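K.L.:
PDB, N, CA and C atoms and all ligand atoms, file data_31.pdb:
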ATOM      1  N   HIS A  32       3.815 -16.333  -1.568
ATOM      2  CA  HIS A  32       3.181 -15.486  -2.574
ATOM      3  C   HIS A  32       3.097 -14.024  -2.095
ATOM      4  N   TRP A  33       4.251 -13.464  -1.689
ATOM      5  CA  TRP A  33       4.379 -12.082  -1.198
ATOM      6  C   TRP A  33       3.938 -11.056  -2.220
ATOM      7  N   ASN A  34       4.054 -11.399  -3.491
ATOM      8  CA  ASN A  34       3.703 -10.481  -4.553
ATOM      9  C   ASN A  34       2.226 -10.118  -4.513
ATOM     10  N   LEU A  35       1.394 -10.964  -3.908
ATOM     11  CA  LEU A  35      -0.021 -10.646  -3.825
ATOM     12  C   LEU A  35      -0.211  -9.497  -2.841
ATOM     13  N   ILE A  36       0.555  -9.537  -1.753
ATOM     14  CA  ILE A  36       0.501  -8.511  -0.726
ATOM     15  C   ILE A  36       1.086  -7.230  -1.291
ATOM     16  N   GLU A  37       2.208  -7.359  -1.995
ATOM     17  CA  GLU A  37       2.873  -6.208  -2.582
ATOM     18  C   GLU A  37       1.981  -5.496  -3.584
ATOM     19  N   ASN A  38       1.295  -6.253  -4.441
ATOM     20  CA  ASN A  38       0.446  -5.628  -5.442
ATOM     21  C   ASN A  38      -0.703  -4.888  -4.785
ATOM     22  N   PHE A  39      -1.261  -5.471  -3.729
ATOM     23  CA  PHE A  39      -2.336  -4.821  -3.003
ATOM     24  C   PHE A  39      -1.864  -3.477  -2.476
ATOM     25  N   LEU A  40      -0.698  -3.483  -1.829
ATOM     26  CA  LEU A  40      -0.148  -2.285  -1.221
ATOM     27  C   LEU A  40       0.202  -1.224  -2.252
ATOM     28  N   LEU A  41       0.732  -1.630  -3.397
ATOM     29  CA  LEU A  41       1.050  -0.648  -4.429
ATOM     30  C   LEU A  41      -0.206   0.071  -4.946
ATOM     31  N   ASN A  42      -1.307  -0.686  -5.151
ATOM     32  CA  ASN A  42      -2.592  -0.154  -5.609
ATOM     33  C   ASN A  42      -3.242   0.748  -4.551
ATOM     34  N   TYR A  43      -3.109   0.367  -3.266
ATOM     35  CA  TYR A  43      -3.599   1.116  -2.108
ATOM     36  C   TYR A  43      -2.900   2.469  -2.032
ATOM     37  N   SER A  44      -1.571   2.446  -2.169
ATOM     38  CA  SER A  44      -0.782   3.704  -2.141
ATOM     39  C   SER A  44      -0.697   4.339  -3.534
ATOM     40  N   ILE A  45      -1.844   4.501  -4.197
ATOM     41  CA  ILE A  45      -1.876   5.130  -5.552
ATOM     42  C   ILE A  45      -2.140   6.634  -5.449
ATOM     43  N   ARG A  46      -2.407   7.130  -4.237
ATOM     44  CA  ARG A  46      -2.739   8.562  -4.058
ATOM     45  C   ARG A  46      -1.671   9.247  -3.202
ATOM     46  N   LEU A  47      -0.411   8.812  -3.312
ATOM     47  CA  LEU A  47       0.696   9.475  -2.567
ATOM     48  C   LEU A  47       1.365  10.500  -3.486
ATOM     49  N   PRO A  48       1.501  11.774  -3.063
ATOM     50  CA  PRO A  48       2.118  12.802  -3.898
ATOM     51  C   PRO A  48       3.524  12.379  -4.342
ATOM     52  N   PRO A  49       4.071  12.949  -5.437
ATOM     53  CA  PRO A  49       5.395  12.588  -5.946
ATOM     54  C   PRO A  49       6.405  12.080  -4.905
ATOM     55  N   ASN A  50       7.249  12.963  -4.360
ATOM     56  CA  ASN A  50       8.317  12.532  -3.415
ATOM     57  C   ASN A  50       7.709  12.080  -2.086
ATOM     58  N   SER A  51       7.206  10.847  -2.022
ATOM     59  CA  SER A  51       6.646  10.323  -0.790
ATOM     60  C   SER A  51       7.518   9.273  -0.116
ATOM     61  N   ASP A  52       7.649   9.398   1.204
ATOM     62  CA  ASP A  52       8.299   8.407   2.062
ATOM     63  C   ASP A  52       7.523   8.369   3.365
ATOM     64  N   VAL A  53       6.569   7.458   3.428
ATOM     65  CA  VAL A  53       5.613   7.421   4.519
ATOM     66  C   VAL A  53       5.295   6.016   4.988
ATOM     67  N   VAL A  54       5.002   5.904   6.289
ATOM     68  CA  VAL A  54       4.610   4.592   6.881
ATOM     69  C   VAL A  54       3.083   4.520   6.930
ATOM     70  N   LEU A  55       2.484   3.550   6.239
ATOM     71  CA  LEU A  55       1.051   3.384   6.194
ATOM     72  C   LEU A  55       0.628   2.325   7.194
ATOM     73  N   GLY A  56      -0.176   2.719   8.170
ATOM     74  CA  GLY A  56      -0.637   1.788   9.192
ATOM     75  C   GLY A  56      -2.126   1.563   9.042
ATOM     76  N   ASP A  57      -2.503   0.344   8.694
ATOM     77  CA  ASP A  57      -3.906   0.027   8.456
ATOM     78  C   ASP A  57      -4.180  -1.456   8.644
ATOM     79  N   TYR A  58      -5.435  -1.842   8.472
ATOM     80  CA  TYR A  58      -5.817  -3.240   8.546
ATOM     81  C   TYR A  58      -5.550  -3.908   7.210
ATOM     82  N   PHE A  59      -4.268  -4.004   6.900
ATOM     83  CA  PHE A  59      -3.763  -4.560   5.666
ATOM     84  C   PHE A  59      -3.769  -6.071   5.737
ATOM     85  N   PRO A  60      -3.866  -6.762   4.603
ATOM     86  CA  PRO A  60      -3.772  -8.194   4.493
ATOM     87  C   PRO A  60      -2.483  -8.666   5.138
ATOM     88  N   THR A  61      -2.570  -9.758   5.879
ATOM     89  CA  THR A  61      -1.426 -10.331   6.568
ATOM     90  C   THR A  61      -0.985 -11.632   5.942
ATOM     91  N   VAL A  62       0.102 -12.175   6.466
ATOM     92  CA  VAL A  62       0.603 -13.438   5.966
ATOM     93  C   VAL A  62       0.633 -14.527   7.019
TER      94      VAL A  62
HETATM   95  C1  LIG B   1      -4.383  -2.973  -9.356
HETATM   96  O1  LIG B   1      -3.175  -3.658  -9.801
HETATM   97  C2  LIG B   1      -3.258  -4.106 -11.209
HETATM   98  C3  LIG B   1      -1.958  -4.834 -11.529
HETATM   99  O2  LIG B   1      -1.868  -6.070 -10.831
HETATM  100  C4  LIG B   1      -3.486  -2.879 -12.146
HETATM  101  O3  LIG B   1      -3.623  -3.317 -13.495
HETATM  102  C5  LIG B   1      -4.784  -2.138 -11.718
HETATM  103  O4  LIG B   1      -4.988  -0.987 -12.554
HETATM  104  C6  LIG B   1      -4.624  -1.691 -10.241
HETATM  105  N1  LIG B   1      -5.831  -1.011  -9.727
HETATM  106  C7  LIG B   1      -5.770   0.194  -9.151
HETATM  107  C8  LIG B   1      -7.021   0.833  -8.622
HETATM  108  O5  LIG B   1      -4.693   0.799  -9.040
END
Could you render the structure as structure tokens?
Ligand SMILES: *[C@@H]1O[C@H](CO)[C@@H](O)[C@H](O)[C@H]1NC(C)=O
P.N.:
Amino acid sequence: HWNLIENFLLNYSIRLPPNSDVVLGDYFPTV
């Protein structure tokens, strides 16, 4: 159920300016 992790991450990265390419390092949900 990777889509659960993906949806979390997409919602988390909702404040990235237009042309963004960045590595986010945090205490993110794991599998
Ligand atoms: C979280 O993701 C859902 C879609 O699964 C979306 O409808 C909702 O608005 C998102 N929340 C935030 C804060 O982006």
K.L.:
Can you work out which residues are within 8 Å of ligand LIG 1 (chain B), considering all atoms listed in the file, and then hand them over as a PyMOL selection string?
P.N.:
chain A and resi 38-39+41-45
K.L.:
Could you give me the residues within chain A that DSSP places in alpha helix (DSSP H), as JSON, numbers by chain?
P.N.:
{"A": [33, 34, 35, 36, 37, 38, 39, 40, 41, 42, 43]}
K.L.:
Box time for range 38-50 of chain A: axis-aligned, enclosing all its listed atoms, 4 Å extra on each side; report centre and edge lengths in Å to one decimal, as lines of an AutoDock Vina configuration file.
P.N.:
center_x = 2.4
center_y = 3.4
center_z = -3.6
size_x = 19.9
size_y = 27.2
size_z = 12.7
K.L.:
If I take CA of residue 37 in chain A and atom N of residue 61 in chain A, how far is one from the other in Å, to one decimal?
P.N.:
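Between CA of residue 37 in chain A and atom N of residue 61 in chain A the gap works out to 10.7 Å.
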K.L.:
Report, in Å with one decimal, the straight-line distance from CA of residue 47 in chain A to CA of residue 59 in chain A.
P.N.:
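Value for the CA of residue 47 in chain A-CA of residue 59 in chain A distance: 16.9 Å.
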K.L.:
When you draw a straight line from atom C of residue 62 in chain A to atom C of residue 35 in chain A, how long is it in Å?
P.N.:
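Separation between atom C of residue 62 in chain A and atom C of residue 35 in chain A: 11.1 Å.
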